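Protein chains in written order, with this note's numbering: chain A, 1 to 144; chain B, 1 to 25. We treat Cβ as the ideally placed atom computed from N, Cα and C, and that holds for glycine. Read through the structure below, which is laid out as structure tokens, and then see the notes.
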Amino acid sequence: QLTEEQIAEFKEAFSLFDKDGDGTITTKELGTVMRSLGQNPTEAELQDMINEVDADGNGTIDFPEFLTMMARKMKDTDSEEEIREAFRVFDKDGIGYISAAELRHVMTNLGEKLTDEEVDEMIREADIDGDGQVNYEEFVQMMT
Amino acid sequence: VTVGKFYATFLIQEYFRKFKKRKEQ
Ligand SMILES: [Ca+2]
Ligand SMILES: [Ca+2]
Ligand SMILES: [Ca+2]
């Protein structure tokens, strides 16, 4: 079952990538977000990533395609597993922690409309022991 | 990798939502 609220949440995730609001995610829009986070996929790789979600093969992801993928992922994952996978996405180097500076960068770029003050309070709350890193334990409490 | 990156974005956005809702209270 997919609630109205859940669909709206998935639309917010879709719209993060669909920055021109034209109802499709292109390779260019995917590349813009990935480059902003420090990755540099080739155009071929971006095309292959789009193709993992682009069910009708027209070269872009629309919201029915996005929703199919996101709803299936949610049904297939548990609250504990999805937080660990997300941590590993953001712990790109797999070091066991995300530095405060790295987390600030992720939050400003993915939050889009967050002020530096809001990101400040988020980082301060997340970094429980104040050592300038968010480890897995602190990430789980932040995300729970 | 692809699905996980999209789902990770959703999960951090959910964290943003809950943070804002508590700040507004
Ligand atoms: Ca678009
Ligand atoms: Ca399509
Ligand atoms: Ca810490």
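| Asked | Found |
| --- | --- |
| Indicate whether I50 (chain A) and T60 (chain A) have their beta-carbon atoms separated by less than 9 Å. | yes |
| Do you know offhand how far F90 (chain A)'s Cα is from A8 (chain B)'s? | 8 Å |
| Taking 6 Å as the limit, tell me which residues put their C-beta closer than that to any heavy atom of ligand 3, in chain order. | A:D127, A:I128, A:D129, A:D131, A:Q133, A:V134, A:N135, A:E138 |
| Using the Cα positions of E12 (chain A) and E4 (chain A), report the straight-line distance between them to the nearest angstrom. | 13 Å |
| Please classify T24 (chain A): does DSSP put it in a helix, a strand, or coil? | strand |
| Flag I83 (chain A) as yes if its beta-carbon sits less than 9 Å from any beta-carbon of chain B, otherwise no. | yes |
| Can you give, in chain order, each stretch of the beta strand (DSSP E) that sits fully within the segment 23 to 91 of chain A and has at least 3 residues? | none |
| Applying the 10 Å Cβ sphere with the 16-neighbour rule, what's the burial state of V1 (chain B)? | exposed |
| Quick check: is any heavy atom of ligand 2 less than 8 Å from the C-beta of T60 (chain A)? | yes |
| Can you pull out the residues from the segment 61 to 77 of chain A whose beta carbon lies closer than 7 Å to at least one beta carbon of chain B? | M69, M70, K73 |
| Helix, strand or coil: which one does DSSP assign to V134 (chain A)? | strand |
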